[PDB]
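All Cβ positions, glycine included, derive from the backbone under ideal geometry; neighbour counts span all protein chains shown. Read-outs: derived from the displayed coordinates by stated rules, not from any lab.
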Amino acid sequence: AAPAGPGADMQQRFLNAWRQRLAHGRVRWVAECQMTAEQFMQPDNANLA
Amino acid sequence: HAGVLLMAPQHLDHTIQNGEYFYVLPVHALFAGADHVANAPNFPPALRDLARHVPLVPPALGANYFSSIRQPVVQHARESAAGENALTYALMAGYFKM
Amino acid sequence: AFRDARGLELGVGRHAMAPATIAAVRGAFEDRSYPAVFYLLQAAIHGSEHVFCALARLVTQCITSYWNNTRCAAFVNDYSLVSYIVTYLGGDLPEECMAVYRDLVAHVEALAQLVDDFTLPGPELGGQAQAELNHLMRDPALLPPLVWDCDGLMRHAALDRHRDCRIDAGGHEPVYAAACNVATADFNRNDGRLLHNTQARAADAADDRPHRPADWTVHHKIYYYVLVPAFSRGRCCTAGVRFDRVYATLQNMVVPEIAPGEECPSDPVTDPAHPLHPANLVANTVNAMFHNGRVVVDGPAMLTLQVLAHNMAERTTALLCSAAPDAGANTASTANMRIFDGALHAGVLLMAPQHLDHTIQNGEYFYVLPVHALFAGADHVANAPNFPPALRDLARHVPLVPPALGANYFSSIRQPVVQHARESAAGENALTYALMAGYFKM
Amino acid sequence: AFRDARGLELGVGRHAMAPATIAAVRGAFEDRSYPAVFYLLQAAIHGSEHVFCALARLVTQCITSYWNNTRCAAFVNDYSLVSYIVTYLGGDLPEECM
Amino acid sequence: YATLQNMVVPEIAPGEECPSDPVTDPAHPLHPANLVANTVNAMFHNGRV
Amino acid sequence: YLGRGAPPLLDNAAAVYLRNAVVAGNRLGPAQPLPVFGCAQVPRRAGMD
Amino acid sequence: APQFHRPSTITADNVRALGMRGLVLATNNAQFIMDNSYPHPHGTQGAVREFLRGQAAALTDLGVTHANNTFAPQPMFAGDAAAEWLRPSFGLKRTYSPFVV
Amino acid sequence: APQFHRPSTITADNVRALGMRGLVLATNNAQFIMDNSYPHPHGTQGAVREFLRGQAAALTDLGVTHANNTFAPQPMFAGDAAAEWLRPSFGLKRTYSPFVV
């Protein structure tokens, strides 16, 4: 995004606007936290493509 | 520019409110208190679950993919048990560019 | 021997609890001589912020005295206080005596971070967080065995009506009461009304909203269902507090009148003008109970006990509460079975069995409710007055938990978890992880 | 166990961060008793060379007390100060704390 | 800058000395009688410095 | 999940949740959602060895 | 002049008349024999409820004899302050030692 | 004497006419009710700049009444000296504690 508004409220804007966006579906790069190497190679994780 | 880092969380003060002096910003994913971000005033109640797994960094401060350190360097911090003096070197070896 | 391989495996080096901070804990739970002033104070503080910052000084005195006498950290039987002794009192306690109070809070928060290593991301199901379908400690369906608030009870009831949230409080549904001061006593009532007496200051009060952080309840469960049974080996039992006689023997005051040409006497022995002198002792007052208790507390600080006028507490209310199994586990075959786990609003946890002092009776202030099979003594439940002499043998063998507070096969923590606390020599630091692994759900 | 076994292989003997100096610095990041005065000074100094030689007597009286109460290092959350705490205060801080 | 500059610094008498001990010395800035609710000196004591 | 005849767990949010987190990518699990009548069928393999 | 061996005698104005220091010896000096001839109109358990009042009422009455020995209780918490629109509010847990020459 | 429940009242002189000893009490003793009838002409945050000047000005008058208690301030660094062409310049790192007997 573009930095906008004062520093104090820059986070509250984001949160309030993104409440749904974070809550729709899981986030990719964090979803891979627990992937073992061998799980990462299987057809299960679709990110291989 | 002219910011301050907050080492350890103290939210329990009813002797000190959270928004008195320092309003918390999570500049970069390496710096987001899972505690701190959760205890800010008006923190949405639903996100309390999700905010534990993931950091919350405002897209005005830059996003994961578009930063110069992607996610995992964070987790190599949390997870690695190698000990303090043995970590830091591993990090200085993490930042050799490709 | 299996589990302590499982548990000691999870000891990958997440967090450990320093050996000094262990022996100085067991050194608490096992003291046969432990000052009864500490039990009485908890009843006075009864969890509240406002009460604690008022009495904050008295605490600082009692510990360092007890820390320098027996060298065992006190106030361990309540996590609420242990959670404050870290945050509020920063530099008062010695360099050494703090570390014992840091590890407990730390080593708790270390266990709370197992569960989020072992859960995958995923959408919520029954209105419950995804981790709540994994681990028991993250379940709202439980309650801490001791609660000072109505706050937790709010969330549990709020669970999906699929999970059937009722309470029999002295036998009736939940009602939550605002605050309690001198004028409002009501120590005997069996009705549903439940105090909220724990509030930051006089300005902010409600029964329908909590004033506290989000994880507050979890860390409690992790403390009582893991740490205490790890250290205590199940030698401790819950006991209902009688608020009739607590404030009384607290508000008995021998504070000598100070002359302006003098100083403030600090000496409990030689100073005739310090309330702890054997001449100022009049049987069963506070300063006289310090004599039976061997604690140093100043006459002027004795005044701050005035704040009891500004907040009081009601009674110890037994609570059943029911739950149906999970959103994840609920099958048309399962739906009709329920889990019953009792709890106590405004109750306290005893540690060591002092029954042999004819100077301290058993049933004066604290009366013994063996809430949960994890909490039963051999020498506590047996030494209560009017214990049937026939059961004295069998009482060694089994927990005597009365069915009004819930039985085994319906509970959510069965017997075989208990003996894993007694029968495992793994140590204090390798049980805590071994237990946390025990509490994942099938 | 890779990212370390390499970094640790860079641990050939370059520098050892002393274990006692490790025990302290954690205690700072782990203090929930960490006094807010220490934060305020940082906002005051704001990195200034001058302002620090002005308050140079305060810091010492602030540190040595803290070091004596919890036996931990303080002002750890800014590197500038830690660079000032060296190049200026030689003999003031205790033999142990330097 | 506000609550660094809200100051109780008591004046020192000409013959009296400079207090090093915060408890029994009335002229110390952090002295409890000099501590006023939520002030600079009450701040140093609130943080125990 | 090839098979059939077990009572689904009660929350259609969860009963669909599990299956999708299991049947997905499995070398075996049904490809097309279960044909109601004859049998489930295994995904065809590209090549065998 | 209250009598503790007659339960109907105990009131707040009778217990307030005899101060805290008198209350100290008033508990021991009584007689072991109790009189049930005249029960308590509100019930006998009202005397234990009445017992906490007199002491709690004398607590803040005890610090009045110490009024020259103590300070004024400050806010121990934030959110309690005169004006928040210039400086924020701390709160003061009193670990200091009220005494005055 | 400025009244603290009207923002438009506080000025430079009205606060400067008050000393450091009376600065701490007036802030805790104010009224909890605010008037919306007559606000400050330059706004609320324009007066925020105005009060912080008084504290520095109060620090001065504090350290002016405490000026007789301190010593002559030296430069804390080199580069500030009258004669650099005979000897160079230090500056005094101030670890000392100015006090006057």
Using the number of other C-beta atoms within 10 angstrom as an exposure proxy, rank H:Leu25, D:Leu40 with the fewest first. H:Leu25, D:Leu40
Long-range amide H partners of F:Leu9, meaning residues 5 or more apart or on another chain whose placed amide H is closer than 5 Å, are none
Along region D:9-19, Karplus-curve 3J(HN,Hα) (6.51, -1.76, 1.60; θ = phi - 60°) to the nearest Hz, with x for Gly and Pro, reads 6, 7, x, 4, x, 5, 8, 9, 7, 5, x
Mind checking which chain G residue has its Cβ closest to the axis relating G to H, and how many whole Å off it is? G:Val101, 24
In chain H, taking the dipole from +1 charges on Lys and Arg beta carbons and -1 charges on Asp and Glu beta carbons about the Cα centre, the listed residue (H:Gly43, H:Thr9, H:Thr65) farthest towards the positive end is H:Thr65
Diffing region C:72-85: the Karplus 3J(HN,Hα) column from phi (6.51, -1.76, 1.60, θ = phi - 60°), in whole Hz with x for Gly and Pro, holds 9, 6, 9, 6, 7, 6, 10, 6, 3, 5, 4, 5, 7, 4
Which of the listed residues, B:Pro41, C:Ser424, G:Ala56, is farthest toward the dipole's positive end in the protein assembly as shown, when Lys, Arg count +1 and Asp, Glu count -1 at the beta-carbon? C:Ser424
Give, rounded to the nearest 20 debye, the magnitude of the charge dipole that region C:264-361 has about its Cα centre when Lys and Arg contribute +1 at Cβ and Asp and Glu contribute -1 at Cβ. 240
Check the straight Cα-Cα distances from C:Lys441 and name the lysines below 24 Å, setting aside those fewer than 8 residues away within the same chain. C:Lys221
How about H:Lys93: which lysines have a C-alpha closer than 22 Å to its C-alpha, ignoring those fewer than 8 places off in the same chain? none
Over chain E, what relative contact order in percent results from Cα pairs under 8 Å that are six or more residues apart? 34
Using Cα pairs closer than 8 Å and at least 6 residues apart in sequence, work out the relative contact order for chain B, in percent. 22
If you rank C:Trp67, C:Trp148 by fewest surrounding Cβ atoms within 10 Å, what's the result? C:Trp67, C:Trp148
Only helices counted: for chain B, with every DSSP H run of 4 or more residues adding -39500 (n - 2.57) and the sum spread over all residues, [θ] at 222 nm is -8000 deg cm²/dmol
For a quick check: with amide H placed at 1.01 Å from N, whose amide H comes under 5 Å from C:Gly240's, ignoring anything fewer than 5 positions away on the same chain? C:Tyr367, C:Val368, C:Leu369
The rounded separation in angstrom of the Cα centers of region D:27-98 and region C:211-272 is 36
Nearest-ten-degree value, helix G:46-65 long axis tilted from longest Cα axis of chain G: 40
With a cut-off of 8 Å between alpha carbons and a minimum separation of six or more residues, what is the relative contact order of chain H in percent? 25
Hey, what angle do you get for helix C:49-69 against the long axis of chain C, alpha-carbon based, 0 to 90 degrees rounded to 10? 80
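How high is the FRET efficiency from A:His24 to H:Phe77, r the C-beta distance, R0 51 Å, rounded to 0.05?
0.35
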Treating only the Cβ of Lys, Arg, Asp and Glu as charged (+1, +1, -1, -1), what charge dipole size does chain C show about its Cα centre? Round to the nearest 20 debye. 1120
Report, by chain and number, residues whose modeled amide H sits under 5 Å from the one on C:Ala318, excluding near sequence neighbours (fewer than 5 apart, same chain). C:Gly170
Show me, for region C:419-436, the HN-Hα J-couplings you get by feeding each phi into the Karplus relation (A = 6.51, B = -1.76, C = 1.60, θ = phi - 60°), rounded to Hz, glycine and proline as x. 4, 4, 6, 5, 8, 10, 8, 3, x, 5, 7, 9, 6, 3, 5, 4, 5, 3
Most exposed to least, judged by fewest other Cβ atoms within 10 Å, C:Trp216, H:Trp85 sort to H:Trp85, C:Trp216
